[PDB]
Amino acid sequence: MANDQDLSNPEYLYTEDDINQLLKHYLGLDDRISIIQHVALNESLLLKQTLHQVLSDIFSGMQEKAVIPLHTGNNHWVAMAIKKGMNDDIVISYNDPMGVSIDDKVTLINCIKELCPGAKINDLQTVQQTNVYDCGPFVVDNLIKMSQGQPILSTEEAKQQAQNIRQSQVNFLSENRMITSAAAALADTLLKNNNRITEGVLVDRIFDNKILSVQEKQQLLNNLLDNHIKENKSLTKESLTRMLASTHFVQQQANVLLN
């Protein structure tokens, strides 16, 4: 029972969160790359919205490129990436790791033609996955390569590298999940029953905390002063979790859980 749900299992099906943590890890430091998280061809307004934002940003040079994990509405991921080609041409690169061509996707094509009739679409139509689980790993790999202007893995390369790219990507995911759950639990001890605190109440809650040693506090506060506590900003469970997941202090707590 529930292989599809266990990260370690070879049958683990990637979620939008898995793909997003992986793309932000390999790409997120370059601001000129738009990373899409959630868009499915069964959401007609959201798909049109998404393509309009990205095509507008790329044609105007507000972004250089975009990577789009596109859900088929059918328990399946494909890779779409968009950049300027030669001569202010827009080039939409596509691969379904099943090797199924884009042509089926009349909704998708027509929505592109409506927004940008001059857009090129390069359907690589290359089979990659050798089972019904591995679309997530190949879509992550494909988008990274497409963003770098590198060719995607061939059928042969993909047959050979499938296990290694999942294993590599699942190593990063295991570590990332532990950093996030340690940061979340720390964020909870400091929010107590506030769903808002300022950076100023944070500083004071760390000082009064009854659990952390004086050295644990000194490390956490040094870690956060480096990039935060400048303008006394309002934090929530989510923004405080992300700020704490930034911390060497939290990354160390996670490091001991995993070894």
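Just count from 1 along the sequence shown to find any residue number.
The mean Cα B-factor in the deposited entry runs higher for 159 to 167 than for the other of 159 to 167 and 73 to 81. With 83 to 91 and 168 to 176 compared on mean CA B-factor from the PDB entry, the stretch scoring higher is 83 to 91. In this entry, the residue among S34, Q37, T50, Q215 with the greatest C-alpha B factor is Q215. Of the candidates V139, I112, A184, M98, the PDB record gives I112 the highest C-alpha temperature factor. Annotation for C135: C-alpha temperature factor in the lowest third relative to the rest of the modelled chain, per the entry. When all modelled residues of the chain are sorted by CA temperature factor, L153 is found within the middle third. When all modelled residues of the chain are sorted by CA temperature factor, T189 is found within the lowest third.
Annotation for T107: C-alpha temperature factor in the highest third relative to the rest of the modelled chain, per the entry. Ranked against the other modelled residues of its chain, the C-alpha B-factor of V67 as given in the entry falls in the lowest third.
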